[PDB]
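Asks: My questions all concern the structure below.
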Amino acid sequence: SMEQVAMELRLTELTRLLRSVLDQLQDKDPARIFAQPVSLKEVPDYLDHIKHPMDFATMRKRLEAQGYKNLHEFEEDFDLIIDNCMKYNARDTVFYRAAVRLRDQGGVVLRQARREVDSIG
């Protein structure tokens, strides 16, 4: 149907906008601390601590399959990156501190993303 095409075009355009958002957030992690999944070879107990691991590569895979239907879903995954790290790692660590800085800098980006998603529809 034509309605199904139009809905698909909207999803494609959301995907474009979320790819630009993802790039902008990942620039706020210049150490690449959040770039890849925590390795279960290197942190064998990780899944005893963190039940829903997340990282920028995993989000990029979902995004390229058009697997985010709305901005809320995308933000959920970004918050997992931050929140998982702030639980597993202590305050005095470069990991925790990287997550704080990513959260604070990412807030700005996400605030305007929400306005764009609402504005363009």
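The way I read the labels, and the way they are meant: chains A, B, ... in the order of the structure tokens, residue 1 as the first residue of every chain, and ligand 1 as the first ligand shown, with later ones counted on from there.
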List the spatial neighbours of stretch 104-115 of chain A as a PyMOL selection string - criterion: any atom at most 7 Å away, only C-alpha atoms, same-chain residues fewer than 3 positions off excluded.
Replies: chain A and resi 25+28+100-101+118-119
Asks: Any chance you could list, as a PyMOL selection string, the residues in chain A that come up alpha helix (DSSP H) when DSSP is run on the backbone?
Replies: chain A and resi 2-27+46-49+56-64+71-88+94-120
Asks: Can you tell me, as a short mmCIF file (atom, residue, chain, number, x, y, z; two decimals) with C-alpha atoms, in the first residue's frame, what residues are no more than 10 Å from stretch 13-16 of chain A when counting only C-alpha atoms, ignoring any on the same chain fewer than 6 positions away?
Replies:
data_model
loop_
_atom_site.label_atom_id
_atom_site.label_comp_id
_atom_site.auth_asym_id
_atom_site.auth_seq_id
_atom_site.Cartn_x
_atom_site.Cartn_y
_atom_site.Cartn_z
CA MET A 7 5.43 4.91 6.96
CA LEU A 22 24.73 8.70 17.06
CA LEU A 63 20.19 1.52 13.56
CA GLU A 64 21.32 0.20 10.17
CA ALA A 65 18.62 -2.41 10.23
CA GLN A 66 16.16 0.47 10.92
CA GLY A 67 15.54 -1.09 14.31
CA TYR A 68 14.72 2.12 16.23
CA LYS A 69 11.02 3.05 15.71
CA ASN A 70 11.20 6.28 17.69
CA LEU A 71 13.73 8.43 19.58
CA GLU A 116 13.71 17.96 15.47
CA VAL A 117 11.87 14.67 15.70
CA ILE A 120 9.59 17.30 11.33
CA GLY A 121 7.18 14.62 12.71
#
Asks: Report as a Markdown table the residues of stretch 47-76 of chain A within 8 Å of stretch 81-85 of chain A, each with its shortest atom pair and distance in Å (one decimal), using only C-alpha atoms, ordered by chain and increasing residue number.
Replies:
| residue | atom | partner | partner_atom | distance |
| --- | --- | --- | --- | --- |
| A:50 | CA | A:84 | CA | 6.3 |
| A:53 | CA | A:84 | CA | 7.0 |
| A:54 | CA | A:81 | CA | 5.2 |
| A:55 | CA | A:81 | CA | 5.7 |
| A:56 | CA | A:81 | CA | 7.9 |
Asks: Just checking: using only C-alpha atoms, which residue out of A:44, A:52, A:97, A:6 ends up closest to residue A:78?
Replies: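 Closest residue, counting only C-alpha atoms: A:52.
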Asks: Of the residues A:11, A:17, A:33, A:2, which is the one nearest to residue A:94, using only C-alpha atoms?
Replies: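 Of A:11, A:17, A:33, A:2, the one nearest residue A:94 is A:33, counting only C-alpha atoms.
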Asks: Determine the nearest neighbour of residue A:32 from the options A:90, A:5, A:57, A:47, counting only C-alpha atoms.
Replies: A:57
Asks: I'd like to know which of A:38, A:31, A:99, A:9 is closest to residue A:86, using only C-alpha atoms.
Replies: A:99
Asks: With only C-alpha atoms as the atoms that count, which of A:45, A:88, A:62, A:102 lies nearest to residue A:19?
Replies: A:62
Asks: Using Å and a single decimal, report how far atom CA of residue A:93 sits from atom CA of residue A:79.
Replies: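 Rounded to one decimal, the two atoms are 18.8 Å apart.
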